[PDB]
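Before any comments, here is the structure.
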Amino acid sequence: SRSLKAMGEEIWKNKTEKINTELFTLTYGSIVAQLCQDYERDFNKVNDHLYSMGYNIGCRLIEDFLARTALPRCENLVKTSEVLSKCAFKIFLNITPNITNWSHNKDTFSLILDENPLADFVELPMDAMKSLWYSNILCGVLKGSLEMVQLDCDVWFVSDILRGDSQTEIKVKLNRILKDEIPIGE
Amino acid sequence: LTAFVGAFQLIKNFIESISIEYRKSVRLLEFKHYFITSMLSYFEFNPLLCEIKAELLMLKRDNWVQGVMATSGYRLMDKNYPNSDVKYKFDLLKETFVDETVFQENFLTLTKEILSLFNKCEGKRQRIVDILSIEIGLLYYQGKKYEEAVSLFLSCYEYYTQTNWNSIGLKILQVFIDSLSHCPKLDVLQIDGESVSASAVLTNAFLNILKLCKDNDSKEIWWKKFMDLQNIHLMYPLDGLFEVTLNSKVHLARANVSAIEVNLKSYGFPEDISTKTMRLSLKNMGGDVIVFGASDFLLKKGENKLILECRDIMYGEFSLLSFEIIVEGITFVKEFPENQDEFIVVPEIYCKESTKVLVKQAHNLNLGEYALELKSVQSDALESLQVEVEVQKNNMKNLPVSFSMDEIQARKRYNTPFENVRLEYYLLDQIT
Amino acid sequence: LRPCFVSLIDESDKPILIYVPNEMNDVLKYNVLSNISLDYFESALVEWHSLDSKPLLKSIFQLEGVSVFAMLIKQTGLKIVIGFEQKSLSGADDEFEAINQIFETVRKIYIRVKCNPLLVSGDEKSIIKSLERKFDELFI
Amino acid sequence: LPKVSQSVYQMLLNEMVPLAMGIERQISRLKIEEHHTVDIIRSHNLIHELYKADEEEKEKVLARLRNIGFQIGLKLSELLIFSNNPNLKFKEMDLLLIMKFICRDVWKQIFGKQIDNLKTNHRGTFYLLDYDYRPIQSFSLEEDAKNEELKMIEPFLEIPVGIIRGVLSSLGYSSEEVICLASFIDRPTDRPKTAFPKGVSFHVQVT
Ligand SMILES: *C(=O)CCCCCCCCCCCCCCC
């Protein structure tokens, strides 16, 4: 029909409401701040609860992304990477992640977050400098979305600019393409 | 009045502009001082009036001290100025600073006049009043007239340390301590009532500078000046020199003493202190109290973990009440807050080599002849032991026991040891 | 047009931070100037903005070769007071606007650091360190 | 200036009651992420659990979500004061001006619509009336079980109360003299019938 470029600009410019990114950042910052507050600063597995957060969010966001875009079910890692990089983030967060670090035989790749609106302004405490991720919700949302698109992936964070690394990378390695179900009529 | 203010922004903006633009002129201060004193000539009859006059004359004296410092080089206390290469000749008023003696008196007169004018501004302006007063105090300190300086600073003894003005506090406290120290007697002084002792005020100021100053290791001068120079029992809000955390919880240490290990970070003092006695208090929910304390401890410089022993214990739950250290002369206290719900328990630790008393219902008895049995595990050699037993009232106004058929007795204190003894009992009415 | 000291004070006259952008007794002098300055916000000598809903800037006073400027944030009670030297100013409107630009830059720094959603509730030891890091990053 | 999609924001802002309820479970569906088996639980399950848990845990989660909203409002305050630049003062005894600011700008920035008319006691309290209340405009259970709907949807009314409390904080009055309560007592006067039947009312007390 049309290129994913044209689709992303068309959907973003004239088919979605808008708000200030500062306020979204503020809300997510409040969530993470209070999770730190009410949990004795157990950064080892506040990330797990944030992962559950992100999974529950993404599993029900996918119904809206497909509602607007109306793409077919992705089958191969190349098309999944292209769609995630090019329109899936462009609709919601208005960013274009870059893709590098292709693994062997096209089973894994990495999302590079050039600009992260979830962390427009944060300076973590000293104890968090090598424990917390602060953006686990994003990869949780990605996994939850791909679950309903019916392809399982282990997704995790390799690096983050917040902790001190040069760039923020999210490995999204596929595990298996689980198949559609059939009635169990004997 | 509306004219007066607008005149003042007019003159302030004009003097600002002419000062910034008329630079490099050797006659700048010569022009400016006479300009200020002429411009001042129009306000002579309100709070705003006094404020404006005081501000203008403050500008006058500041330019005056700039000129005399530049032309003479004699430092007024320590206020340094930008050392401009070009020379300025403020010489036509070479009468008030021909000597360094009358110079200080003249500056003091100007400062006192300015203080009076500001103080006559109702009560909407206290800050510059206080700063100017301590400037008079520093002038007295420079002039070596410490008797007036200490009296003046007694008012603002400790104002700038709870307001988070740490550098101001550091100057005022160090100069106060130095002034108090040098002159011989200074044996009686009063702040706002009864005369507080010289030793008490001195050690208060010393401890304040120790807790306030933070220079890694160069506070050793103040440490030595404290422990070479100069008592009354004194308490203090400990927080500032020591911090305390409850490492782990209670465990056995010796035969018949509970023990709790705790670490405390000490950085108020630079060197080590031989504390004669330390005591941690654990209040009980009912109201009881106990103490954990290990005496004659040399507190290490920095972070150190020590075990506190206890002797009298009431098994159950406790909430921590107050921690304390007793140094020779002073008793630091830190009272923990209340309603924490962070209770620490003191369980019934049992050891073979430990003395205890066991009480129970008697094993063998006759019908309707109630009794009790007391034992003593490891009675062995014991210099002395006394055991007191009593009953608690339950209707909250009953006492279901008498240790007699005549009187309602509820106690019988032994005075001798025993390996096994049969206490008697008589029920009152029906209690199970 | 560097500043000699920068002072941030909150609503309750609790001095948040009196940074000096590096003599051993200089922080003393700048603190005295700041404490003297803090009074004029509650003073009838000079009328504050009270018009157009915009922070309005004025030159409040000047002592011992330090030109000190100030802002009262009406809607929060935040108070900014920073100093400058005699020997690094010309006094024309372009510099008067450049110093203003520095003022909004400082207030951006304070907003960002106080806006960090990891400050626990009130930790001054953390706020001071973060503000000091940002000010070192800028003035260097 | 940069923007983010209102849909993802609205959904995220909706979904803290499951967060505020499951954090309690962790304090007091198994699957593997990479090597260690984490547990995840749905959102509607936790909404029902909050609906029928017990009174003290319900109150704990209510105060929990109030704290969240307090942080959000207090923290967005400074941004709004910078950007819009209203004509307020630090402790203005004229509560009408503060309430006008909150009605005009805070809600315009959080939700898409200005809040509707407001009462004026002129002595004590104030009322803020919202019609159709964007975040929960698409909530429902059943054709008949409308009684359970309003009792189950209660905790979602806290985050704007927290927003109001936080905005009042850092603007003078602290969180010891001010108290606010949300409710459905507002009735649709004449507005067109939207999906949700009842508008909401925020009763704000300020001495
Ligand atoms: C085949 O059609 C694959 C489609 C790709 C899945 C769509 C991913 C949607 C989620 C993107 C991230 C949303 C933002 C989450 C942060 C709050």
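Each chain of the structure tokens is named A, B, ... in the order shown, its residues numbered from 1; ligands are numbered from 1 in display order.
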
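Inspection of the environment of ligand 1, which uses only C-alpha atoms and all ligand atoms and a cut-off of 6 Å, identifies the neighbouring residues as residues 62, 71, 72, 73, 74, 80, 83, 84, 88, 89, 138, 141, 142, 145 and 146 of chain A.
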
Writing out the chosen residues with N, CA and C atoms as a compact mmCIF listing (two decimals), in the first residue's frame:
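Printed below is again.txt as written:
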# COMPACT_ATOMS: atom_id res chain seq x y z
N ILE A 62 -1.52 -3.34 22.58
CA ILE A 62 -1.40 -3.89 21.22
C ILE A 62 -2.73 -3.81 20.48
N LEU A 71 -2.11 -3.60 10.35
CA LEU A 71 -1.14 -4.37 9.60
C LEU A 71 -1.44 -5.86 9.71
N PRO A 72 -0.93 -6.68 8.79
CA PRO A 72 -1.04 -8.13 8.96
C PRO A 72 -0.15 -8.62 10.09
N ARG A 73 -0.41 -9.86 10.50
CA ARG A 73 0.40 -10.50 11.53
C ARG A 73 1.82 -10.65 11.03
N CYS A 74 2.77 -10.06 11.74
CA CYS A 74 4.17 -10.21 11.38
C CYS A 74 4.60 -11.66 11.56
N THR A 80 9.19 -7.67 11.84
CA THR A 80 8.90 -7.23 13.20
C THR A 80 9.83 -6.10 13.62
N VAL A 83 8.77 -2.83 11.71
CA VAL A 83 7.54 -2.20 12.19
C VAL A 83 7.76 -1.57 13.56
N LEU A 84 8.42 -2.30 14.48
CA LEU A 84 8.70 -1.75 15.80
C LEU A 84 9.56 -0.50 15.71
N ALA A 88 5.63 1.69 15.34
CA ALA A 88 5.08 1.35 16.65
C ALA A 88 5.45 2.39 17.70
N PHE A 89 6.72 2.81 17.72
CA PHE A 89 7.13 3.89 18.61
C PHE A 89 6.70 5.25 18.09
N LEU A 138 9.29 -0.23 29.41
CA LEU A 138 9.31 -0.21 27.95
C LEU A 138 9.47 -1.62 27.39
N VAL A 141 6.42 -3.68 28.00
CA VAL A 141 5.37 -3.38 27.04
C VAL A 141 5.65 -4.06 25.71
N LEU A 142 6.92 -4.06 25.29
CA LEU A 142 7.27 -4.72 24.04
C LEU A 142 6.94 -6.21 24.10
N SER A 145 3.15 -6.79 24.08
CA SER A 145 2.61 -6.60 22.74
C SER A 145 2.90 -7.79 21.84
N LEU A 146 4.15 -8.27 21.86
CA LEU A 146 4.49 -9.38 20.99
C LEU A 146 3.80 -10.67 21.42

Excluding residue B:125 and any residue of its chain fewer than 2 positions from it, enumerate the residues within 12 Å of it, using only C-alpha atoms, and give them as a PyMOL selection string.
-> (chain B and resi 47-48+50-51+54-55+115+117-123+127-132) or (chain C and resi 35-45)

How would the residues just picked look written out with C-alpha atoms as an mmCIF file, in the first residue's frame?
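Dumped everything to result.cif:
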data_model
loop_
_atom_site.group_PDB
_atom_site.id
_atom_site.type_symbol
_atom_site.label_atom_id
_atom_site.label_comp_id
_atom_site.auth_asym_id
_atom_site.auth_seq_id
_atom_site.Cartn_x
_atom_site.Cartn_y
_atom_site.Cartn_z
ATOM 1 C CA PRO B 47 10.054 54.601 58.485
ATOM 2 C CA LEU B 48 10.660 54.990 54.756
ATOM 3 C CA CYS B 50 14.881 56.547 57.887
ATOM 4 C CA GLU B 51 15.309 53.585 55.529
ATOM 5 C CA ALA B 54 20.308 54.841 56.192
ATOM 6 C CA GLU B 55 20.773 53.172 52.803
ATOM 7 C CA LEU B 115 22.524 51.228 63.215
ATOM 8 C CA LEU B 117 18.774 54.948 61.729
ATOM 9 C CA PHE B 118 17.907 51.380 60.721
ATOM 10 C CA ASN B 119 16.696 50.523 64.233
ATOM 11 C CA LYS B 120 14.320 53.506 63.982
ATOM 12 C CA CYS B 121 12.614 51.797 60.985
ATOM 13 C CA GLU B 122 9.876 50.205 63.144
ATOM 14 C CA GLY B 123 10.520 46.431 62.878
ATOM 15 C CA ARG B 127 18.772 41.570 59.196
ATOM 16 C CA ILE B 128 21.116 44.449 58.324
ATOM 17 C CA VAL B 129 20.706 45.550 61.942
ATOM 18 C CA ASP B 130 22.131 42.213 63.092
ATOM 19 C CA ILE B 131 24.924 42.143 60.488
ATOM 20 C CA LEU B 132 25.902 45.715 61.357
ATOM 21 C CA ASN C 35 21.943 37.743 54.079
ATOM 22 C CA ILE C 36 21.765 41.521 53.696
ATOM 23 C CA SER C 37 20.055 41.050 50.337
ATOM 24 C CA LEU C 38 17.376 38.642 51.551
ATOM 25 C CA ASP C 39 15.440 41.389 53.393
ATOM 26 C CA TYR C 40 14.458 43.668 50.487
ATOM 27 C CA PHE C 41 11.819 41.265 49.180
ATOM 28 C CA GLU C 42 9.660 42.365 52.129
ATOM 29 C CA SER C 43 10.511 46.054 51.720
ATOM 30 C CA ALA C 44 8.499 49.083 50.619
ATOM 31 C CA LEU C 45 11.634 50.788 49.257
#

Those in stretch 16-205 of chain D with strand (DSSP E or B) from DSSP, as a ChimeraX atom specification | /D:30-32,37-39,118,126-130,178-183,200-205

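Between atom CA of residue B:192 and atom CA of residue B:156 the interatomic distance comes to 11.2 Å.
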
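The nearest approach to residue B:210 among the residues B:417, B:193, B:270, B:237, with only C-alpha atoms taken into account, belongs to B:270.
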
Closest to chain A among C:62, C:76, C:7, C:130, using only C-alpha atoms?
-> C:130

Could you list, as number ranges by chain, every residue of chain D that has an atom within 7 Å of an atom of chain C, counting only C-alpha atoms?
-> D: 75, 81, 85-90, 170-171

Can you write just those residues out, N, CA and C atoms, as a short mmCIF file (atom, residue, chain, number, x, y, z; two decimals), in the first residue's frame?
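Writing the result to again_23.cif gives the following:
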data_model
loop_
_atom_site.label_atom_id
_atom_site.label_comp_id
_atom_site.auth_asym_id
_atom_site.auth_seq_id
_atom_site.Cartn_x
_atom_site.Cartn_y
_atom_site.Cartn_z
N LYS D 75 4.47 18.09 41.83
CA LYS D 75 5.68 18.11 41.04
C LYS D 75 5.42 18.82 39.71
N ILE D 81 3.61 26.79 36.91
CA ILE D 81 4.01 28.15 37.29
C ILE D 81 5.06 28.71 36.35
N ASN D 85 2.65 31.09 33.87
CA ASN D 85 2.98 32.35 34.53
C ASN D 85 1.72 33.10 34.93
N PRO D 86 0.94 32.58 35.87
CA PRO D 86 -0.28 33.27 36.31
C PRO D 86 0.06 34.43 37.23
N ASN D 87 -0.98 35.03 37.82
CA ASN D 87 -0.85 36.21 38.67
C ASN D 87 -1.07 35.89 40.14
N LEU D 88 -0.59 34.74 40.61
CA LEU D 88 -0.80 34.30 41.98
C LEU D 88 0.30 34.82 42.90
N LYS D 89 0.11 34.62 44.20
CA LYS D 89 1.11 34.87 45.22
C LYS D 89 1.29 33.61 46.06
N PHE D 90 2.33 33.62 46.90
CA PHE D 90 2.79 32.38 47.53
C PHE D 90 1.75 31.82 48.49
N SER D 170 3.21 23.38 47.72
CA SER D 170 4.17 24.14 46.91
C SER D 170 3.56 25.42 46.34
N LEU D 171 2.42 25.86 46.90
CA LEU D 171 1.74 27.09 46.53
C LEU D 171 1.17 27.74 47.77
#

Nearby residues (only C-alpha atoms) at most 6 Å from stretch 24-32 of chain A, same-chain spacing under 3 positions excluded, as a count of residues only = 4

Give me the residues within 7 Å of residue A:177 as a ChimeraX atom specification, counting only C-alpha atoms and dropping any in the same chain fewer than 4 places off.
-> /A:150-152

Put those residues in a file: C-alpha atoms, as an mmCIF file, in the first residue's frame.
data_model
loop_
_atom_site.group_PDB
_atom_site.id
_atom_site.type_symbol
_atom_site.label_atom_id
_atom_site.label_comp_id
_atom_site.auth_asym_id
_atom_site.auth_seq_id
_atom_site.Cartn_x
_atom_site.Cartn_y
_atom_site.Cartn_z
ATOM 1 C CA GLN A 150 1.851 -14.421 18.947
ATOM 2 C CA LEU A 151 5.628 -14.553 19.000
ATOM 3 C CA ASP A 152 7.508 -15.044 22.261
#

I'd like a table as JSON lines: residues in chain C with an atom no more than 7 Å from chain B, each row giving the shortest atom pair and its distance in Å to one decimal, only C-alpha atoms counted, sorted by chain and rising residue number.
{"residue": "C:14", "atom": "CA", "partner": "B:163", "partner_atom": "CA", "distance": 6.4}
{"residue": "C:15", "atom": "CA", "partner": "B:164", "partner_atom": "CA", "distance": 6.5}
{"residue": "C:28", "atom": "CA", "partner": "B:167", "partner_atom": "CA", "distance": 5.8}
{"residue": "C:36", "atom": "CA", "partner": "B:128", "partner_atom": "CA", "distance": 5.5}
{"residue": "C:39", "atom": "CA", "partner": "B:127", "partner_atom": "CA", "distance": 6.7}
{"residue": "C:45", "atom": "CA", "partner": "B:5", "partner_atom": "CA", "distance": 6.3}
{"residue": "C:63", "atom": "CA", "partner": "B:62", "partner_atom": "CA", "distance": 6.6}
{"residue": "C:64", "atom": "CA", "partner": "B:62", "partner_atom": "CA", "distance": 6.1}
{"residue": "C:65", "atom": "CA", "partner": "B:81", "partner_atom": "CA", "distance": 6.7}
{"residue": "C:90", "atom": "CA", "partner": "B:20", "partner_atom": "CA", "distance": 6.4}
{"residue": "C:91", "atom": "CA", "partner": "B:20", "partner_atom": "CA", "distance": 6.4}

At a cut-off of 7 Å, list the chain A residues touching chain C, using only C-alpha atoms, as number ranges by chain.
-> A: 29-30, 33, 121-124

Residues as selected, N, CA, C and O atoms, written as an mmCIF file, in the first residue's frame, can you do that?
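The new file part-v2.cif reads:
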data_model
loop_
_atom_site.group_PDB
_atom_site.id
_atom_site.type_symbol
_atom_site.label_atom_id
_atom_site.label_comp_id
_atom_site.auth_asym_id
_atom_site.auth_seq_id
_atom_site.Cartn_x
_atom_site.Cartn_y
_atom_site.Cartn_z
ATOM 1 N N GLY A 29 7.809 9.125 36.288
ATOM 2 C CA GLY A 29 8.759 9.376 37.352
ATOM 3 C C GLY A 29 8.130 9.235 38.720
ATOM 4 O O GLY A 29 8.746 8.700 39.637
ATOM 5 N N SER A 30 6.892 9.706 38.873
ATOM 6 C CA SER A 30 6.193 9.545 40.143
ATOM 7 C C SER A 30 5.995 8.073 40.474
ATOM 8 O O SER A 30 6.191 7.653 41.623
ATOM 9 N N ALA A 33 9.363 6.622 41.455
ATOM 10 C CA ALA A 33 9.795 7.201 42.717
ATOM 11 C C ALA A 33 9.083 6.544 43.877
ATOM 12 O O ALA A 33 9.712 6.181 44.877
ATOM 13 N N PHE A 121 14.697 13.803 32.371
ATOM 14 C CA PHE A 121 15.506 14.424 33.419
ATOM 15 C C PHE A 121 15.483 13.553 34.674
ATOM 16 O O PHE A 121 14.502 13.548 35.418
ATOM 17 N N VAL A 122 16.570 12.816 34.888
ATOM 18 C CA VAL A 122 16.742 12.004 36.087
ATOM 19 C C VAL A 122 18.223 11.953 36.430
ATOM 20 O O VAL A 122 19.081 11.862 35.548
ATOM 21 N N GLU A 123 18.508 12.023 37.727
ATOM 22 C CA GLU A 123 19.828 11.756 38.290
ATOM 23 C C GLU A 123 19.589 10.774 39.428
ATOM 24 O O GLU A 123 19.144 11.166 40.510
ATOM 25 N N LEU A 124 19.873 9.501 39.183
ATOM 26 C CA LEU A 124 19.556 8.485 40.168
ATOM 27 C C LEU A 124 20.467 8.625 41.389
ATOM 28 O O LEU A 124 21.547 9.214 41.299
#

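Residues of stretch 6-77 of chain C carrying a DSSP assignment of helix (DSSP H, G or I), computed from the backbone, are residues 26, 27, 28, 29, 30, 31, 32, 33, 34, 35, 36, 37, 40, 41 and 42 of chain C.
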
Quick one: residues within 9 Å of residue D:117, only C-alpha atoms counted, chain neighbours fewer than 3 positions away excluded, as a ChimeraX atom specification?
-> /D:103,128-130

Tell me the residues of chain D close to chain A, meaning within 7 Å using only C-alpha atoms, as a VMD selection string.
-> chain D and resid 2 to 6 8 to 9 33 to 34 38 40 42 68 71 to 72

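Here atom CA of residue B:212 is placed at a distance of 16.2 Å from atom CA of residue B:332.
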
Might you pull out every residue within 6 Å of stretch 187-204 of chain D, with only C-alpha atoms counted and same-chain residues fewer than 2 positions away left off, and present them as an NGL selection string?
-> :D and (125-132 or 137 or 180-184)

May I have the selected residues written with N, CA and C atoms, as a PDB file, in the first residue's frame?
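What follows is the written file part_15.pdb:
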ATOM      1  N   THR D 125     -15.287  26.307  52.263  1.00  0.00           N
ATOM      2  CA  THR D 125     -14.948  25.266  51.309  1.00  0.00           C
ATOM      3  C   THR D 125     -15.274  25.707  49.886  1.00  0.00           C
ATOM      4  N   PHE D 126     -14.896  24.859  48.932  1.00  0.00           N
ATOM      5  CA  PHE D 126     -15.231  25.040  47.528  1.00  0.00           C
ATOM      6  C   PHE D 126     -15.633  23.694  46.943  1.00  0.00           C
ATOM      7  N   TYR D 127     -16.346  23.750  45.821  1.00  0.00           N
ATOM      8  CA  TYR D 127     -16.737  22.568  45.064  1.00  0.00           C
ATOM      9  C   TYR D 127     -16.236  22.716  43.638  1.00  0.00           C
ATOM     10  N   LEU D 128     -15.677  21.635  43.094  1.00  0.00           N
ATOM     11  CA  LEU D 128     -15.246  21.563  41.701  1.00  0.00           C
ATOM     12  C   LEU D 128     -16.069  20.478  41.021  1.00  0.00           C
ATOM     13  N   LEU D 129     -16.852  20.864  40.018  1.00  0.00           N
ATOM     14  CA  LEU D 129     -17.754  19.953  39.321  1.00  0.00           C
ATOM     15  C   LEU D 129     -17.177  19.621  37.952  1.00  0.00           C
ATOM     16  N   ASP D 130     -16.978  18.330  37.688  1.00  0.00           N
ATOM     17  CA  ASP D 130     -16.558  17.833  36.387  1.00  0.00           C
ATOM     18  C   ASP D 130     -17.673  17.010  35.764  1.00  0.00           C
ATOM     19  N   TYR D 131     -17.871  17.218  34.465  1.00  0.00           N
ATOM     20  CA  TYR D 131     -18.815  16.456  33.665  1.00  0.00           C
ATOM     21  C   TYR D 131     -18.050  15.574  32.687  1.00  0.00           C
ATOM     22  N   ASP D 132     -18.311  14.274  32.758  1.00  0.00           N
ATOM     23  CA  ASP D 132     -17.888  13.211  31.856  1.00  0.00           C
ATOM     24  C   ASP D 132     -16.431  12.786  32.046  1.00  0.00           C
ATOM     25  N   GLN D 137     -14.193   7.549  31.155  1.00  0.00           N
ATOM     26  CA  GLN D 137     -15.390   7.674  30.339  1.00  0.00           C
ATOM     27  C   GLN D 137     -15.809   6.363  29.685  1.00  0.00           C
ATOM     28  N   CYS D 180      -9.608  17.132  51.047  1.00  0.00           N
ATOM     29  CA  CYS D 180     -10.532  17.058  49.925  1.00  0.00           C
ATOM     30  C   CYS D 180     -11.154  15.673  49.847  1.00  0.00           C
ATOM     31  N   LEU D 181     -12.402  15.633  49.378  1.00  0.00           N
ATOM     32  CA  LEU D 181     -13.130  14.385  49.176  1.00  0.00           C
ATOM     33  C   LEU D 181     -13.800  14.407  47.810  1.00  0.00           C
ATOM     34  N   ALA D 182     -13.699  13.297  47.084  1.00  0.00           N
ATOM     35  CA  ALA D 182     -14.344  13.137  45.790  1.00  0.00           C
ATOM     36  C   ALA D 182     -15.633  12.343  45.945  1.00  0.00           C
ATOM     37  N   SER D 183     -16.570  12.561  45.026  1.00  0.00           N
ATOM     38  CA  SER D 183     -17.809  11.795  45.052  1.00  0.00           C
ATOM     39  C   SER D 183     -18.525  11.935  43.717  1.00  0.00           C
ATOM     40  N   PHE D 184     -19.580  11.135  43.557  1.00  0.00           N
ATOM     41  CA  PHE D 184     -20.440  11.140  42.381  1.00  0.00           C
ATOM     42  C   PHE D 184     -21.711  11.952  42.580  1.00  0.00           C
TER      43      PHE D 184
END
